[PDB]
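Shown below, as structure tokens, is a lone chain in the form deposited in one PDB entry; questions about how it binds or moves come after it.
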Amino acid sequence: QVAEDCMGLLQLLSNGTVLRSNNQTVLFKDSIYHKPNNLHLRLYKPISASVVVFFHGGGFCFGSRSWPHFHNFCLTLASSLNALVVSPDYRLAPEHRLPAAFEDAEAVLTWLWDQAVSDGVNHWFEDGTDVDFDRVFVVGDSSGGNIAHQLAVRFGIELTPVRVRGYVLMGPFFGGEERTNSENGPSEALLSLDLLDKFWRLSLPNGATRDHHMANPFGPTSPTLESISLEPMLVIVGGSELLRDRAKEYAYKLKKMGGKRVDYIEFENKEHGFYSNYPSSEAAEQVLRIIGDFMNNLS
């Protein structure tokens, strides 16, 4: 008996088996980063070149570096930012429930450090400029945003050769039992309250609640943020998103808490993933515009 059914593409059974179902620049190739679980990431280098870790979305239950509009976005950041993109796959729920994805995220960083301490052996594209941007900037779409937060909070000097500078949080997938105002009311194209709940049910540990940490940063079990020092962040949200106020309430709290540098930008009437979905739309290039600044002012 289907215990859970995510749009038909994911079927978690009662017993628990889980069933499943435009121009060109830049250059890209793939590699392993974690052998015991066989996890691979992809590198993008703009070719026009003379690091941006992208964690893809999918509410922790869908997504792959190979996916089209995930890939399409990765080329766009790479080219226009003149940037090396690191787009890893992370383990997916319900087969791999949280904190699986977060553990894998930390593994991505470790791989970068181990490639950096390699005595700068390009080991990616030898025809290359040593560390176009040693400065690294995490960018998280949907669920990917949640990883970026957990990666700030975790690294409050670990992996010294590599220094996270900024955190881009793009429609971050945050949780909580109390809906606020965006969740209630109008379901988006593709995004409905029950669907966001589903994502959580499949993602978080069995028996957990939406206010569990790794979902709500301000849940009872979640840690205190004021003490911990954060790196400068950037939250981008669509006006029509169901996670609009979640990311506002988030940003609101961080900025009002002291010391943390958090910028917040809304795009009016846009739905989740207007970036890396309908690219080359004015809104998209604007996102490009802001992240560039976010990084050059964070240089």
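Rigid core (definition): largest C-alpha set, two forms, superposition within 1.5 Å. When you see a residue number, it is the position in the sequence shown, counting from 1.
Heads up, the form deposited in another entry isn't pictured, but that's what we're talking about next.
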After superposition on the rigid core, does the Cα atom of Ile290 shift by at least 2 Å between the shown form and the other one?
-> no
Is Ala189 one of the residues whose Cα moves 2 Å or more between the shown form and the other one, with the core superposed?
-> no
Inspect the rigid-core superposition and answer whether the C-alpha of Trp113 shifts by 2 angstroms or more between the shown form and the other one.
-> no
Do the C-alpha atoms of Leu202 and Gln11 sit closer or farther apart in the other form than they do here, given a shift of 3 Å or more?
-> farther
Answer with closer or farther for the CA-CA spacing of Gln11 and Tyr90 in the other form compared to the shown form; it moves by 3 Å or more.
-> closer
